[PDB]
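Notes for the structure review
Each chain, written out:
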Amino acid sequence: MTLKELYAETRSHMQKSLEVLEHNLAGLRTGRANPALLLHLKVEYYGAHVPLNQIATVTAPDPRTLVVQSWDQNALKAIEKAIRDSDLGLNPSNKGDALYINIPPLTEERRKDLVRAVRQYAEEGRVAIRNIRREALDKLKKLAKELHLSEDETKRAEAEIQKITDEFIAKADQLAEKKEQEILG
RNA sequence: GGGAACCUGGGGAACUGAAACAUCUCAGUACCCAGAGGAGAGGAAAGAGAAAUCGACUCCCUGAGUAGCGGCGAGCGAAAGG
RNA sequence: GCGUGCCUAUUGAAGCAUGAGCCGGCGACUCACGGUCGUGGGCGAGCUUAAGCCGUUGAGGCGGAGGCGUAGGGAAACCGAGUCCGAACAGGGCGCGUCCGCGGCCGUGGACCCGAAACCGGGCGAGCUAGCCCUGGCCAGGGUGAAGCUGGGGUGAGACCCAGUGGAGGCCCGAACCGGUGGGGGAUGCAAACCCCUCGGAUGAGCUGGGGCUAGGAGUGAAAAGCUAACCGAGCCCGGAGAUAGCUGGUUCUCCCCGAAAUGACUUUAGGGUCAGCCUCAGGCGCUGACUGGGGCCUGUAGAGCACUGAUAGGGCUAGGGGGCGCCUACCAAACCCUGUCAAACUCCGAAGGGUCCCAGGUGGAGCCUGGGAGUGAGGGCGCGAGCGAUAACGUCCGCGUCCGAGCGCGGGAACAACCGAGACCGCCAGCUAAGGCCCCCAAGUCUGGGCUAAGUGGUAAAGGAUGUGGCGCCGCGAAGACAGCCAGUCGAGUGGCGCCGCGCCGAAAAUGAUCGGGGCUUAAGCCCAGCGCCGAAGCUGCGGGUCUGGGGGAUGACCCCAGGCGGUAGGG
RNA sequence: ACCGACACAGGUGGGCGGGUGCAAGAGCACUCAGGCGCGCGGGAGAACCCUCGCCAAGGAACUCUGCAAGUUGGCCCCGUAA
RNA sequence: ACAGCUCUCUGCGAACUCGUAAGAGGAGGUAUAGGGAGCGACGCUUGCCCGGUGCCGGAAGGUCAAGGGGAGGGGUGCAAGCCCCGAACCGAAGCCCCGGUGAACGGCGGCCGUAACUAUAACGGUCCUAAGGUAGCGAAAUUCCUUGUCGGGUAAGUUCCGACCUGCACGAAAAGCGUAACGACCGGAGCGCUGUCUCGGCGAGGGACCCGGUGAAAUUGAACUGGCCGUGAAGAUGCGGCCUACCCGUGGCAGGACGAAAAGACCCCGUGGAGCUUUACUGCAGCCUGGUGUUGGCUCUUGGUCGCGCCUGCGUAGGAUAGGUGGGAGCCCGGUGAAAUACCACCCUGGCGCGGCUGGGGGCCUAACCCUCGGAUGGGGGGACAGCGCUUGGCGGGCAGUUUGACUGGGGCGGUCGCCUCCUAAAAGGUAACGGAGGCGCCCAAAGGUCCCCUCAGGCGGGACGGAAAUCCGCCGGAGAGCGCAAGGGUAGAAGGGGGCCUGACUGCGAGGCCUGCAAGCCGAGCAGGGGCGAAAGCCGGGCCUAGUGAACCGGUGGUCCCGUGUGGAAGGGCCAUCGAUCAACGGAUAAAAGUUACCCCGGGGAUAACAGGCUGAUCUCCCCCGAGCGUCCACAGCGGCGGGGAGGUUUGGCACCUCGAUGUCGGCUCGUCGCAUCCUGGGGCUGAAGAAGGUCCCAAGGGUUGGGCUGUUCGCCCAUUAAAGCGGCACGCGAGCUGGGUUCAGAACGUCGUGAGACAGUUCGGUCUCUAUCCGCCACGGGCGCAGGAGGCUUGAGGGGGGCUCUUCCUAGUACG
Ligand SMILES: [Mg+2]
Ligand SMILES: [Mg+2]
Ligand SMILES: [Mg+2]
Ligand SMILES: [Mg+2]
Ligand SMILES: [Mg+2]
Ligand SMILES: [Mg+2]
Ligand SMILES: [Mg+2]
Ligand SMILES: [Mg+2]
Ligand SMILES: [Mg+2]
Ligand SMILES: [Mg+2]
Ligand SMILES: [Mg+2]
Ligand SMILES: [Mg+2]
Ligand SMILES: [Mg+2]
Ligand SMILES: [Mg+2]
Ligand SMILES: [Mg+2]
Ligand SMILES: [Mg+2]
Ligand SMILES: [Mg+2]
Ligand SMILES: [Mg+2]
Ligand SMILES: [Mg+2]
Ligand SMILES: [Mg+2]
Ligand SMILES: [Mg+2]
Ligand SMILES: [Mg+2]
Ligand SMILES: [Mg+2]
Ligand SMILES: [Mg+2]
Ligand SMILES: [Mg+2]
Ligand SMILES: [Mg+2]
Ligand SMILES: [Mg+2]
Ligand SMILES: [Mg+2]
Ligand SMILES: [Mg+2]
Ligand SMILES: [Mg+2]
Ligand SMILES: [Mg+2]
Ligand SMILES: [Mg+2]
Ligand SMILES: [Mg+2]
Ligand SMILES: [Mg+2]
Ligand SMILES: [Mg+2]
Ligand SMILES: [Mg+2]
Ligand SMILES: [Mg+2]
Ligand SMILES: [Mg+2]
Ligand SMILES: [Mg+2]
Ligand SMILES: [Mg+2]
Ligand SMILES: [Mg+2]
Ligand SMILES: [Mg+2]
Ligand SMILES: [Mg+2]
Ligand SMILES: [Mg+2]
Ligand SMILES: [Mg+2]
Ligand SMILES: [Mg+2]
Ligand SMILES: [Mg+2]
Ligand SMILES: [Mg+2]
Ligand SMILES: [Mg+2]
Ligand SMILES: [Mg+2]
Ligand SMILES: [Mg+2]
Ligand SMILES: [Mg+2]
Ligand SMILES: [Mg+2]
Ligand SMILES: [Mg+2]
Ligand SMILES: [Mg+2]
Ligand SMILES: [Mg+2]
Ligand SMILES: [Mg+2]
Ligand SMILES: [Mg+2]
Ligand SMILES: [Mg+2]
Ligand SMILES: [Mg+2]
Ligand SMILES: [Mg+2]
Ligand SMILES: [Mg+2]
Ligand SMILES: [Mg+2]
Ligand SMILES: [Mg+2]
Ligand SMILES: [Mg+2]
Ligand SMILES: [Mg+2]
Ligand SMILES: [Mg+2]
Ligand SMILES: [Mg+2]
Ligand SMILES: [Mg+2]
Ligand SMILES: [Mg+2]
Ligand SMILES: [Mg+2]
Ligand SMILES: [Mg+2]
Ligand SMILES: [Mg+2]
Ligand SMILES: [Mg+2]
Ligand SMILES: [Mg+2]
Ligand SMILES: [Mg+2]
Ligand SMILES: [Mg+2]
Ligand SMILES: [Mg+2]
Ligand SMILES: [Mg+2]
Ligand SMILES: [Mg+2]
Ligand SMILES: [Mg+2]
Ligand SMILES: [Mg+2]
Ligand SMILES: [Mg+2]
Ligand SMILES: [Mg+2]
Ligand SMILES: [Mg+2]
Ligand SMILES: [Mg+2]
Ligand SMILES: [Mg+2]
Ligand SMILES: [Mg+2]
Ligand SMILES: [Mg+2]
Ligand SMILES: [Mg+2]
Ligand SMILES: [Mg+2]
Ligand SMILES: [Mg+2]
Ligand SMILES: [Mg+2]
Ligand SMILES: [Mg+2]
Ligand SMILES: [Mg+2]
Ligand SMILES: [Mg+2]
Ligand SMILES: [Mg+2]
Ligand SMILES: [Mg+2]
Ligand SMILES: [Mg+2]
Ligand SMILES: [Mg+2]
Ligand SMILES: [Mg+2]
Ligand SMILES: [Mg+2]
Ligand SMILES: [Mg+2]
Ligand SMILES: [Mg+2]
Ligand SMILES: [Mg+2]
Ligand SMILES: [Mg+2]
Ligand SMILES: [Mg+2]
Ligand SMILES: [Mg+2]
Ligand SMILES: [Mg+2]
Ligand SMILES: [Mg+2]
Ligand SMILES: [Mg+2]
Ligand SMILES: [Mg+2]
Ligand SMILES: [Mg+2]
Ligand SMILES: [Mg+2]
Ligand SMILES: [Mg+2]
Ligand SMILES: [Mg+2]
Ligand SMILES: [Mg+2]
Ligand SMILES: [Mg+2]
Ligand SMILES: [Mg+2]
Ligand SMILES: [Mg+2]
Ligand SMILES: [Mg+2]
Ligand SMILES: [Mg+2]
Ligand SMILES: [Mg+2]
Ligand SMILES: [Mg+2]
Ligand SMILES: [Mg+2]
Ligand SMILES: [Mg+2]
Ligand SMILES: [Mg+2]
Ligand SMILES: [Mg+2]
Ligand SMILES: [Mg+2]
Ligand SMILES: [Mg+2]
Ligand SMILES: [Mg+2]
Ligand SMILES: [Mg+2]
Ligand SMILES: [Mg+2]
Ligand SMILES: [Mg+2]
Ligand SMILES: [Mg+2]
Ligand SMILES: [Mg+2]
Ligand SMILES: [Mg+2]
Ligand SMILES: [Mg+2]
Ligand SMILES: [Mg+2]
Ligand SMILES: [Mg+2]
Ligand SMILES: [Mg+2]
Ligand SMILES: [Mg+2]
Ligand SMILES: [Mg+2]
Ligand SMILES: [Mg+2]
Ligand SMILES: [Mg+2]
Ligand SMILES: [Mg+2]
Ligand SMILES: [Mg+2]
Ligand SMILES: [Mg+2]
Ligand SMILES: [Mg+2]
Ligand SMILES: [Mg+2]
Ligand SMILES: [Mg+2]
Ligand SMILES: [Mg+2]
Ligand SMILES: [Mg+2]
Ligand SMILES: [Mg+2]
Ligand SMILES: [Mg+2]
Ligand SMILES: [Mg+2]
Ligand SMILES: [Mg+2]
Ligand SMILES: [Mg+2]
Ligand SMILES: [Mg+2]
Ligand SMILES: [Mg+2]
Ligand SMILES: [Mg+2]
Ligand SMILES: [Mg+2]
Ligand SMILES: [Mg+2]
Ligand SMILES: [Mg+2]
Ligand SMILES: [Mg+2]
Ligand SMILES: [Mg+2]
Ligand SMILES: [Mg+2]
Ligand SMILES: [Mg+2]
Ligand SMILES: [Mg+2]
Ligand SMILES: [Mg+2]
Ligand SMILES: [Mg+2]
Ligand SMILES: [Mg+2]
Ligand SMILES: [Mg+2]
Ligand SMILES: [Mg+2]
Ligand SMILES: [Mg+2]
Ligand SMILES: [Mg+2]
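Residues numbered from 1 in each chain as written, not as in the entry; some residues may be left out. Chains lettered and ligands numbered in written order. Part of a larger assembly, values for the part shown. Heavy atoms only, no water.

As summarised from the PDB record, the model derives from X-ray crystallography at a stated resolution of 3.50 Å.

Below you can see the structure in the form of C-alpha cells.
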C-alpha cells in the first residue's frame, strides 16, 4: 500500500527466500558433525511427514557421531524408518530410546558432489531474492504513480529497495559462506 | 536613355508598439516599377450638407486632437463651416 | 609615529570581483509640439491673436478666423444658481482669470549614450565549394588468367572432361594521379589546415584542363543540416534603422542645507512596475508632536492551573471482558475517587507590559493641511521573543529594537561594516574624561592593603573520573583511653565518614613553522573582594575663525553683539 | 613575377624529360645537359626539445591499448590447413 | 550508397517536380516504363491482432455551405408599391455509418491450484484483450540487480570465447538468424621482435647558450611585489604578531600572483532569438467540392409546385362506399343513427387529366473550349465534359506567424495558486515560511416576519412487544444538547424545540462609522411610500455569526420617460431590470495556442545549481562513560546490552558567503610533503603470558612500506613474495609539468520513452589539451659594494642541510620451559 509497509514486506518477502537457503545446506553431507542436519527431515509418522525436530532430539555426542534421544520408543522406531531412506548412505541404531549414527567423511570426488551443488543453492538463493527485488520495484512503480511522489521521493524508494535487497543478499552469500568451510575445511 | 531631391499611378514589407500575441500598430511608411516636368496631381458638381444656405480645384491658419473609429486596447482620427 | 589603490557593482571589496599601459584630443539628459506647476512682467470681466497683408534689407505694424474665461447638473431630452435619482416640495451627490518669458517634472517623438541574437525589402555571388551539360587529356610496370573459340577425350546424340590458344574484370601489387588511416612535430606556425614517417584507391561509381547551368527558405547534397568565395540550423551587401534590449557598462565644475528605502498591497508580477510608507521644497494653520506624569476602558502572552477538551504513572472502588467460572485470583482492564504530573491549536485564573480617549507638562530640522521633485520596493549583522530546521550552520523565515548601509571617519578589541565607547565645519606643540587600560615593545601605578592557584591553568570543551589543594559544616564518640603496627599491653592522641564552597588535574589526536598580539610573567605582569591616582577619541570644556536658521541691536551699515544646528550614498533644495 | 596580406616549407592544366645498375618501370641510388647551395653570420659543445644511430640481461613486466618503434620484406623454387 | 526484395502510385495532355503563367523535366519514354516509400548481396525464413490511425472500396441512409424555396412575420406610404428579416422542403465535398487493408502507423497480458520425497507443473479454474511474441536468437553494440552462475584460456581474466536463460527492457522487411569473400572499422588471444618497460647510458645533427647585424607579441591601476600562524567578502606581497632577508643580474623550473586568451559553452533568469515537431492556435499555398460565366443543339424520364378539370373518404342498425359544414325540396323525408342523399356549393383527404414557372436525371449530337494531322479556307478524336473567372464548404505542419504562467532554499518533477475557521502571533490591531490541522464554489417558500406558548444532553429507577436510547411515568442534571454543513465566538432571561397568521428574502434613501494604498467589502439610525404580525409598547429591508464568489469589455432578454443625422417614423444606441465566466494561474494579457535543441544564438547573474573552498557536523571514521550480562570459576585477559558524552573535518548531505567579463571536473604518470589515530622494524605494560606464537593497551614516525592479472577505475578481487605490503591532509596536492582511458559538443547505433522532433545520472564505436615566464617561489652561476690601511694564503664553524632501514642463517643450545 505504501513504502512504509512495503519496505517491511520485502524484509518479510525476502526472509523466506533466504530461509530455504539455510535449509538446502544442512541437507548436505558436510562434516556432518552437526545435529540440525537431521531435524529438518520430514519423517513419515502417524500419517504426516513430520519434521524430526518434533519427533525427537538429535545431538551429536562428539564429532564422530550423533544421537537421537527419541523419547518414545516407538517414535524412534519409525524414525530410522526415514533417516536411512535418504540416498546419503548411513546407518543409525536401535540402541535405547536413542539413535547412534556414524559420521564418515569421504574422498574428493565426494567434495564436488557436495561443493559444486552448493555453489548452486548459492544461486537459487541469491536469485530467489533477485526477484523479490524485481517484483518489488515494480509495485514501487505503480505505487508513486498512484500515490504521488517526486522523481526523487521515488529514487529514495527505488534505491532503498536496492539497499534492502543488497542487505539481504548478504545474509546469503555470507550465510552459506560459512557452512562452505564446515564442508571444505 | 539621364536627371539631387519634389509628384502620380501600379505593386508593396517587417522590426516595432500593444510591455506576450493572432485583429490592430508601424503603414499605404520603406522599397520596387512605370510615367509626367519645371513642377506634378486636382479642377467647373450625378458636390456639400441643413443654412430661405454654399458655389471648380489646389496651398496655408482655424475648426480639432472635436465628431467619430477601436481585441472601445494600444492607438487612429475627419468634414461642413469661418 | 600613523596608514588596505580609483571607479563599478554590492548585505558586504584592499580585495584573489568588474574597467582601466600612459598622455592628448572626441565623447552621453537636447530640441519640437502638447500638458502641469512654480515663478518675473503685461492686461484685466476679460486676455491674446493664427495664416495672411503693408512696410523693413538684423524697424515694426495690421490682421479678431480662432482659443481659452464668464454656470453648473444630467447618459439625453431639458433645467438652471441650481440640477440629478425620486411620487416628496425627505433626503443625498456633484458649484468663480488670460497672454507672454523662465525653471522643475509629465505625454510624444531614436529623445540620457554606447551595445545585441534576430526580422523584413532590393540586390550581388557557382573566378571557392556541391550537382550537372558540352568539348578535351590522363592513368610507368609487373600480376592473376573468365567467356570465347581450336585440337584430343566420352556418348546413340549429348551434357560434361582434358590440354592449348585467349586476354575478361566497380580483380591483385605498386608510381604518377586522387585521398587523408595511425603517430610525432607545428600551436603569436613555413601555413587562419602545414610538414615528416605511416596508410587507402589507382580501367573506374576513376582523375583532370577549358566552355556552360542551378541561390537564400532557394540551390545542391552516395545525407553531415554537409556545401554555396576562410565561421551557414538559412550567404553577402544596401536600405527599413538611431529595429527593441523590464539587462550590462558609462554618465564630466565648486561650496552650502536636509536627508532616505531595502516594506504593504496587486501584478503571465517575482533583479521590472502602480499605489501606500519613508526624504525633500513651496505656500497655508499655529502647541496639537515624539516622549512623560495622572486618571478610565479594552487584552488573554510569561507564569500558573486541571473547571472544559485530551493526554497521563500508580493506588483504591467497581461495569462488562480474560482464565478455573462457582467462590477466588493481576487494575490485563471503562466511568468514579483521591495521588502526582502534560499540552501551539485546553484555561477555573492571570502578570508585568501595549494599545487607546479626556486633562497636564512638551518650541521641536515637532507635528497637521494643499501641492512641485524624488529615491527605494536583493537588505545585513546583534540582543530579545517564536517558528522551520537536528534547542546545526556567516542557515532560514517573522516580531520589538538597534546598529551597518550611507558613520570602511576616530579610540578600544592584536589585526576586522555592524562587538564597547562615541555622531567627525575647520584650525591649536592646551586641560579633564568614555570604552579599554597603566612591566618592555606601547601612553600612564613592577600602587596599597586581603586572600586563592602550581597546572603556563590563565591563554579560552563534555559525560564522567580522582586522600590535587584552601575553607566551612553536622557525625561519630578516644581513661567502658586502638586510629595505624609487632603476640596487646606498653605506646597515650588526632584519626575515621558522608556532603557542601573557591581555584585546579585528568579526560583532550590532524595535516607548511611555532606562540597568550610578542617578549616574558608564579606573595604575578593570573584569578576573586576592596581603595586612591593617572593614561586615553575628532566625545566636552579652552582660544580663534567659516556658515545657516531663530531672536534683538537696529537709524539696513548685508554692520557688531545674542542662543542653537553644520557625518551622510540614492535622492530633494 | 600566377592564388594565398610576405622574396609563403601550401596550391596551379599540357608536352620533353638522357645514362648505369636493380625482374620491370615514370620506383630507388649516382651522375650527363642544365640549374641551384633555399638573402643573416661566428663560435661553443650544459640542461631540455626536435629529428636520427646503438645496447648487456630480460623480451609486453609498459600502457586504456605493443600507440610507437622494431621484425618481415625483391626475385626464383619447393611447399601450403579449416 | 550499392545491386536486389516489397508495398504503392501513374493510360499518356501520365503520375510527380519547377513555375503566377506560358513553358519545361518527365521522355522525343509508355507498365518488361516513370515517380514515391522502406529494406539492403546471397541462404533459411518473415508468424497473430483491422479496436483506434491512415488509405482503398461502398449510386442506401444521418448531418451540412452557398444557391433554389417561399407558409409566416415586421417597416413604411391614402394608396397602387418599395423594403426587410423568414419555417417546410430540394441542396456538394467532408464527416458519421458499412466493409476491406500490416514488406501501411502501429500492437503482440495477468492471477490463483495441481504430479505417490521433495521440487517443479505437461493439466484445471479464473480476470482483462482488438489479439496477447511463433521460428530464430539471448547478461547481446540491448541485462537494471551485475564482475549474474558454470566451463575454457591465465600463475592469477569486472575483458574475451562457450554454455544456462531469472530476456529490468531481442525478434522477424526501422527485418530475424546465419554467411564464404571483403575492411587504414571495434573486442580477446598467440608466436616472432623489439627501449614500450625494468632502467637508464653514450653518441650525431638542428636549436637552445656567447659574440656581430636586424628586431616583434599578448599583457600591463600604480610598484619600493619574502615566509609562517592568524585575519578580512569566508584561499593575502599590500591588515595583525612574529620570522627571516646586502644591491643588481645571467641560465633554468614551473607551486603561487585565484597567471593569460575568450563580457561561461554547463546552470538559471529575459514574458530575448532562431532550426525542428505535431492529433497546440491561426491562417496561406495546393487539392477536393456545390452554384454559376464562358455554354449549344435533339430527345427520354420522373419531381416540387401555384392556375384549373375532375374523381376521392366502404364506425354499428341502414333505403348502403354516407368525408365535411351551408343553401335547399322536386328531380326527399322516411324509420333510425354521430350525421341523411334529388341537386348547386365553398373546402379538408388524395390521385389522375392537358398548361406555366422552375427542377434533377440517362441518352445522341457539334459547332464552341482541348489535343492532334504529309502546312488545314479544312480532316481526324474528346466534347458542354474538361481547362479558366467568381462565389460555397471542407481536407490541408507543404509553408507561415505565434503561444507554450508564476512561486519555488538552482531548476525540473511533486505540490500550491481565490474565500472561510483555529494555532503559529510575543494579552490593540496587523504580521513571514513549500509551518501545524480543517472547510467553501452551497442550502432554506420554509430553515424567513412577527405574536403565542414550550425547553435539552445525558444519569438513575418503574415499565407488553422492548439493544446499550424507539415510545410512557418518576425525580436529578445550568449547560456538556441544539443551533442546515468547517472551525471559532455566541446562546436557554434563546438565536434552540412547536403552533398561528403572513411574504419588509419591499421600493425610495441614508446621518454616521468600521476596514482601507486604489478599487472592493462591512454594520447601520432614521425620514418618506405602501404593507405583515400584535391589544399594545413595538419588531420585520432575508437566514445566531463570520466562507458559499468574479472588475470592466462584449453580447443576450425584458421595459421607460430621453436620442433618433433635412422632417416624419423606423434601423440602432442610452437609462433601468436581469442573464452568459472551475476568466478556479480566482484584481481577470486574446475571441483564439502544445512540444522540442547535444545544430543552436544574444543579453544578464555568483541576485541561483554542478567542481573547489568556507560555516555546520545530521551521516561519517574515531575514544570515552555506565556494566547488564558472555568468558568452566570470576563486569574489564579478551568482550559489552540497552543507554549517555565527545573528538576529528577523509564520506553522503544542509546552507548558497567569495569567484559564471570563466576557480580546466575522474583515473593514471612525475615530483612530493605533512598528520598520527602506527602496517612493519624500537622500547614497555597485563594476558585466560610455560616456551615458541599471538592477543590487547601504552610510548614512538627515524626510516621503510614490492612485482604482476582484471577494470578508465579510485576501490576492490585474485596470483607470487614481504619485516611490512598502514589510513588520511594538502583545490578528494599536482593538465601555464605530461596523459586523456573516463566524463559533458557535433557523427552513428542498441535497448528505452515519446505520434512526433527528440530524450536517458542507460549503454556502445568516433572525437583538436594553446613554441617565448615579467613579478613571488625554487634550482644553479655571477657583477657591485660593503667588512674604517692596502694585500697572497690557510682556517674557526655560530647556522643550516644530507643521512638514519631491514631480513636470513650459523654459534650460545637443542640448552631454559615442555
Ligand atoms: Mg525617360
Ligand atoms: Mg503592438
Ligand atoms: Mg499578437
Ligand atoms: Mg499580430
Ligand atoms: Mg514654379
Ligand atoms: Mg499643372
Ligand atoms: Mg458641365
Ligand atoms: Mg500657402
Ligand atoms: Mg475645444
Ligand atoms: Mg475649411
Ligand atoms: Mg602599508
Ligand atoms: Mg554602473
Ligand atoms: Mg553577493
Ligand atoms: Mg591584486
Ligand atoms: Mg573574478
Ligand atoms: Mg580588482
Ligand atoms: Mg560583471
Ligand atoms: Mg590598449
Ligand atoms: Mg583624457
Ligand atoms: Mg502646469
Ligand atoms: Mg503668478
Ligand atoms: Mg493691428
Ligand atoms: Mg430613479
Ligand atoms: Mg542578433
Ligand atoms: Mg528573408
Ligand atoms: Mg545573380
Ligand atoms: Mg562550376
Ligand atoms: Mg568553378
Ligand atoms: Mg582494381
Ligand atoms: Mg574527401
Ligand atoms: Mg593499389
Ligand atoms: Mg567556368
Ligand atoms: Mg555527394
Ligand atoms: Mg544523416
Ligand atoms: Mg567557406
Ligand atoms: Mg522603423
Ligand atoms: Mg541604440
Ligand atoms: Mg561643497
Ligand atoms: Mg533624521
Ligand atoms: Mg505579467
Ligand atoms: Mg511610490
Ligand atoms: Mg508564548
Ligand atoms: Mg482504564
Ligand atoms: Mg478517564
Ligand atoms: Mg496638551
Ligand atoms: Mg512636544
Ligand atoms: Mg523584498
Ligand atoms: Mg534581499
Ligand atoms: Mg541570516
Ligand atoms: Mg547610520
Ligand atoms: Mg578611510
Ligand atoms: Mg580596524
Ligand atoms: Mg561626533
Ligand atoms: Mg610606557
Ligand atoms: Mg610605570
Ligand atoms: Mg595560604
Ligand atoms: Mg594521535
Ligand atoms: Mg610571547
Ligand atoms: Mg584586592
Ligand atoms: Mg573649543
Ligand atoms: Mg552664534
Ligand atoms: Mg543637530
Ligand atoms: Mg545626492
Ligand atoms: Mg538644500
Ligand atoms: Mg584571401
Ligand atoms: Mg593574399
Ligand atoms: Mg628566400
Ligand atoms: Mg613559394
Ligand atoms: Mg588542375
Ligand atoms: Mg626493382
Ligand atoms: Mg627519382
Ligand atoms: Mg633563409
Ligand atoms: Mg638491449
Ligand atoms: Mg643482456
Ligand atoms: Mg599488464
Ligand atoms: Mg601496469
Ligand atoms: Mg586495460
Ligand atoms: Mg581492450
Ligand atoms: Mg586491456
Ligand atoms: Mg604500429
Ligand atoms: Mg581457421
Ligand atoms: Mg576440408
Ligand atoms: Mg509505385
Ligand atoms: Mg520531349
Ligand atoms: Mg539499412
Ligand atoms: Mg522454410
Ligand atoms: Mg487494428
Ligand atoms: Mg472496420
Ligand atoms: Mg468512395
Ligand atoms: Mg439557404
Ligand atoms: Mg400593401
Ligand atoms: Mg456527402
Ligand atoms: Mg498454487
Ligand atoms: Mg499425492
Ligand atoms: Mg491455463
Ligand atoms: Mg498467455
Ligand atoms: Mg502464435
Ligand atoms: Mg540467442
Ligand atoms: Mg541471457
Ligand atoms: Mg560477464
Ligand atoms: Mg551473441
Ligand atoms: Mg541489465
Ligand atoms: Mg591456465
Ligand atoms: Mg533488453
Ligand atoms: Mg519484449
Ligand atoms: Mg510482421
Ligand atoms: Mg516493422
Ligand atoms: Mg548475426
Ligand atoms: Mg575499414
Ligand atoms: Mg625509470
Ligand atoms: Mg646536440
Ligand atoms: Mg590565511
Ligand atoms: Mg610558477
Ligand atoms: Mg585578463
Ligand atoms: Mg556573461
Ligand atoms: Mg553568454
Ligand atoms: Mg542558459
Ligand atoms: Mg532565421
Ligand atoms: Mg419533347
Ligand atoms: Mg394550383
Ligand atoms: Mg375553383
Ligand atoms: Mg339504431
Ligand atoms: Mg318522398
Ligand atoms: Mg383542395
Ligand atoms: Mg466530332
Ligand atoms: Mg471536332
Ligand atoms: Mg464546366
Ligand atoms: Mg511552425
Ligand atoms: Mg497564454
Ligand atoms: Mg528547489
Ligand atoms: Mg502584541
Ligand atoms: Mg492580538
Ligand atoms: Mg471545493
Ligand atoms: Mg431562525
Ligand atoms: Mg417501541
Ligand atoms: Mg458543503
Ligand atoms: Mg411565516
Ligand atoms: Mg430598517
Ligand atoms: Mg432571509
Ligand atoms: Mg477588451
Ligand atoms: Mg468584444
Ligand atoms: Mg430621420
Ligand atoms: Mg487566464
Ligand atoms: Mg493572477
Ligand atoms: Mg483575484
Ligand atoms: Mg479576455
Ligand atoms: Mg547525437
Ligand atoms: Mg553544424
Ligand atoms: Mg544531427
Ligand atoms: Mg543556430
Ligand atoms: Mg552566492
Ligand atoms: Mg562532531
Ligand atoms: Mg552507543
Ligand atoms: Mg553527542
Ligand atoms: Mg570541512
Ligand atoms: Mg552556487
Ligand atoms: Mg563559496
Ligand atoms: Mg576584463
Ligand atoms: Mg571572473
Ligand atoms: Mg603475569
Ligand atoms: Mg611516513
Ligand atoms: Mg586502473
Ligand atoms: Mg581467478
Ligand atoms: Mg594524501
Ligand atoms: Mg603550454
Ligand atoms: Mg594548463
Ligand atoms: Mg596549475
Ligand atoms: Mg576519452
Ligand atoms: Mg579517445
Ligand atoms: Mg568511452
Ligand atoms: Mg546529459
Ligand atoms: Mg515507439
Ligand atoms: Mg580512429
Ligand atoms: Mg586553452
Ligand atoms: Mg627567457
Ligand atoms: Mg644535522
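Details of the packing of aromatic side chains
Following the criterion strictly, the structure yields one aromatic pair and no others. Aromatic side chains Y45 and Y46 sit 5.0 Å apart centroid to centroid with 25° between the ring planes, which places their arrangement in the stacked category. Assessed through its relative accessible area of 82%, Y46 is described here as exposed. (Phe/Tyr/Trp six-rings, centres within 6.5 Å; stacked < 30°, edge-to-face > 60°. Buried < 20%, exposed > 50% of the residue type's maximum accessible area, 1.4 Å probe, protein only.)

Comments concerning the side chain of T65
Locating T65 in the fold gives a position in strand 4 (residues 65-68). Here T65 is in contact with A60, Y100, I101, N102 and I103, once residues within four sequence places are set aside. (Helix = DSSP H or I, 4+ residues; strand = E, 2+ residues; numbered from the N terminus. Contact = heavy atoms within 4.5 Å.)

Side note on the sheet that holds strand 4
Reading across the sheet, the three strands line up as 3-4-5 and stay open at both edges, with antiparallel pairing between neighbours. Both edges of this open sheet fall to strand 3 (58-62) and strand 5 (100-102), since each of them pairs with a single strand only. Here the average twist between neighbouring strands, direction ignored, is 30°. Judged from the three bridges that link them, strand 4 and strand 5 form a sheet pairing that is antiparallel. Opposite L66, over in strand 5, you have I101 as the bridge partner. (Pairing = 2+ DSSP bridges. Axes fitted to C-alpha atoms, helices over the stretch in contact; angles between N-to-C directions.)

Concerning the side chain of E80
On the secondary structure map, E80 appears in helix 4 (residues 73-83). By relative accessible area, which is 10% here, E80 ends up buried.

Quick look at the environment of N94
The topology assignment puts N94 in the loop between helix 4 and strand 5. According to the relative accessible area criterion, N94 is exposed, its value standing at 63%. Between the alpha carbons of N94 and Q73 there is a distance of 9.4 Å; along the sequence they are 21 residues apart.

Side note on the pairing of strand 2 (residues 48-51)
Bridge count between strand 1 (residues 42-45) and strand 2: four bridges; the pairing is antiparallel. By the bridge assignment, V43 is partnered in strand 2 with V50. The antiparallel pairing of strand 1 with strand 2 creates a hairpin that spans two residues between the two strands, and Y46 there sits at a positive phi of about 40°.

Digging into the environment of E5
With respect to the element layout, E5 can be found in helix 1 (residues 3-6). Here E5 falls in the partly exposed class, since its relative accessible area comes to 47%. Between the C-alpha atoms of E5 and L52, which are 47 residues apart in sequence, the distance is 35 Å.

A word on the domain arrangement of chain A
Annotation of chain A at the domain level lists domain 1 (3-31 + 107-185) and domain 2 (32-106). The centre of domain 1, based on its C-alpha atoms, is set 31 Å off from the matching centre of domain 2. Here domain 1 and domain 2 share an interface that buries about 840 Å² over both sides, 47% of which is from carbon and sulfur atoms. Looking at the side of domain 1 facing domain 2, the largest losses of area belong to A26, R29 and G31, adding up to 50% of the total buried there. Here domain 1 and domain 2 share zero salt bridges between them. Looking at the side of domain 1 that touches domain 2 residue by residue, the class counts come to one nonpolar, four polar and three charged. (Domains from an automatic or database assignment. Buried area = accessible area lost by both parts, 1.4 Å probe. Salt bridge = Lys/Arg side-chain N within 4 Å of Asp/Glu carboxyl O. Nonpolar A, V, L, I, M, F, W, Y, C, P; charged D, E, K, R; others polar.)

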